[PDB]
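First, one chain by itself in structure tokens, the form deposited without this ligand.
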């Protein structure tokens, strides 16, 4: 796949690496200041995806692959965007993306259970609904580019400066809890199964950062219930209409669940109705 170096290549000497933002079995992210990464004379903090010390050609083919997908996907305010890359000889392959200072959404929300009042420092129904709305914008975009997230959860939503929230990958979690029933069973992954996932994320937003299916067992009977119509109860901070939206996204038939386009319209209505 082509890599237009004129548009994307950024000089390693303009990149100053800082503290690691995360690790993994293959990749690793690390904070960094890049000068003029957006054509202006400013030092901008960014997130750098680079390989680990001793990474193989397939780990190398992987980072490079994800680089082209990012270039493919394109730009959207509600995704963690590609800013530039270091691919030429004389250094480590590095994929520079936007840095989101507040971290994933779940961890952030949990931290604000004390700083939250439905209506008026504090979060409010407007925040929770604005984050939901933004994630639907972000997903309507990815769906437009014909991408499927496969694991849409709040830990994969990062919070930046303005209350802008961005999707990435576009304490632990049990990823099965976000899986639509046909995905769990027939193992299919479609955007309509991302909407189910979206519904679980909404639930996380209004439970202020909680784990779905509170203390329930994920046995084969769990997936039976789930396939028959069993569903989570309203989280402590939802709006009845936000909960109704969860039930919609959790529809048995993927075709009957709303489309992200439909959800952007609906959440825009709820948001504006919020005032």
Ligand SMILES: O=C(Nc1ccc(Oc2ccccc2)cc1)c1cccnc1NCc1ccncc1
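Residue numbers count along the first chain shown, from 1. Rigid core here is just the name for the largest C-alpha set that superposes within 1.5 Å across the two forms.
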property	result
Residue 25 dropped in a third or more of the other entries	yes
Across other compared entries, residue 173 missing in at least a third	yes
Count class of deposited residues lacking coordinates, residue 120 to residue 121	4 to 9
Residue 171 preceded by how many uncoordinated deposited residues after residue 170	10 or more
Higher-scoring stretch by recorded Cα B factor average, 5 to 13 or 252 to 260	252 to 260
Selected stretch [higher average CA B-factor]: 130 to 138 or 186 to 194	186 to 194
Per the PDB entry, maximal CA B factor within 70, 247, 34, 55	55
Maximum C-alpha temperature factor, selected from 156, 107, 114, 78	114
Residue 162, C-alpha B-factor rank within chain (lowest, middle or highest third)	highest
For residue 221, the third of its chain into which the C-alpha B factor falls	highest
Third of the chain's Cα B-factor distribution that residue 59 belongs to, per the entry	highest
Entry-reported Cα temperature factor of residue 66, expressed as the chain third it lands in	middle
B-factor third for the C-alpha atom of residue 241 within its chain	middle
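FYI, the form deposited with this ligand bound isn't displayed, but the following is about it.
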| property | result |
| --- | --- |
| Ligand-site call, this ligand overlaid in the bound PDB entry, backbone or C-beta contacts under 2.4 Å, 3+ atoms | blocked |
| Non-hydrogen atom within 4.5 Å of this ligand in the bound PDB entry for each of 48, 66 and 149 | yes |
| Option touching this ligand, based on a heavy atom within 4.5 Å in the bound PDB entry, out of 178, 131, 203, 170 | 170 |
| Partner-contacting position among 246, 208, 34, 29 - heavy atom within 4.5 Å of this ligand in the bound PDB entry | 29 |
| Contact segment among 122 to 130, 178 to 186, 141 to 149, 195 to 203, judged by heavy atoms lying within 4.5 Å of this ligand in the bound PDB entry | 141 to 149 |
| In the bound PDB entry, residue 242 touching this ligand (heavy atom, 4.5 Å) | no |
| Contact test in the bound PDB entry: residue 85 vs this ligand, heavy atoms, 4.5 Å | no |
| This ligand contact at residue 136 in the bound PDB entry, heavy atom, 4.5 Å | no |
| 4.5 Å heavy atom contact, residue 153 and this ligand in the bound PDB entry | no |
| Threshold 2 Å Cα movement between this form and the one not shown at residue 88, rigid core reference | yes |
